[PDB]
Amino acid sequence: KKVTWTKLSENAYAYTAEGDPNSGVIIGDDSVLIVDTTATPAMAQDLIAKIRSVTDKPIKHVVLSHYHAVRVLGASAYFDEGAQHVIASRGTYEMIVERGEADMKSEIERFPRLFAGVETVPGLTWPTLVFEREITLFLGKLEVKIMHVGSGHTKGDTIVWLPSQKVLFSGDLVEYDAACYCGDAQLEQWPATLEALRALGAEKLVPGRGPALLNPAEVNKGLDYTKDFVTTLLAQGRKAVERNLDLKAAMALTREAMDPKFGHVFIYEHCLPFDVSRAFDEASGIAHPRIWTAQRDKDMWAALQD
């Protein structure tokens, strides 16, 4: 299992594991902050190990970039390492309340291998600190901004921004070598959210998965790609709705435009059915995402195949 621990700047690191989402790490004067937890407390052990190869400081703050189980269910591992708060936006908190249980069951059923040692998961991760717009932590002298600048990947998407070093942890708002999972997306709002991230002027950006982007040209390529992906996806959904297509026809129409431009990115085929399904709903006027459950997955595959 290939693990990559990348020092991005004086105080910022990215943690990547083959096939897993990225986690972000900020080492402040007094304490460590992480962005997303890895999928289980058993998997969190190796992120802790990487952090402890650098510092003995308490892992005081655990930020959830959004509510999805793979991002949050490792949170309880960090208590013994010094966690004082699990931080989430109001939107993320609302999603945990509304569909945390359903999403936990859904994600573990879909991709059990993402949840190594799933028996170590104690239950849902409940934030202890919920913010509306923006909080700033001073880790000694190090300023860390935790911000909701708009929704996209989910209602409540949260970013972590290190202004002094221009390091942005985008959660799943930004991708580059992988497709966007849009099953819970607010597709209409995502382009404006991407432009808000562009206005930050990041020199380093940790995307949802894959290697970090290490200069502004790479940052903007990731922003442009993600914007193109989610704009095209929603546009094809509006076309399917205008034409009264069923889901199989909507998938074929979406592929017309998405496959040439994006068909090469990692996990494209895994994500595309959920993306077409969400785009069709949202274009149909379902602004708040339907909840994904096993029976909805089953009906989706049935509609797409036979």
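The first residue of the shown sequence is 1; numbering continues from there.
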Which of 57-65 and 240-248 has higher mean CA B factor, as the PDB entry lists it: 240-248
Selected stretch [higher average CA B-factor]: 116-124 or 85-93: 116-124
Selection from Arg110, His153, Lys145, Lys227 [criterion: highest C-alpha temperature factor in the record]: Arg110
Within-chain third of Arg255 by Cα B-factor, per the entry: highest
Position of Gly140 among the chain's modelled residues by C-alpha B-factor, lowest, middle or highest third: highest
Third of chain Cα B-factors occupied by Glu203: highest
Third of the chain, ranked by Cα B-factor, where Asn22 sits: middle
Record-listed C-alpha B factor of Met43: chain third: highest
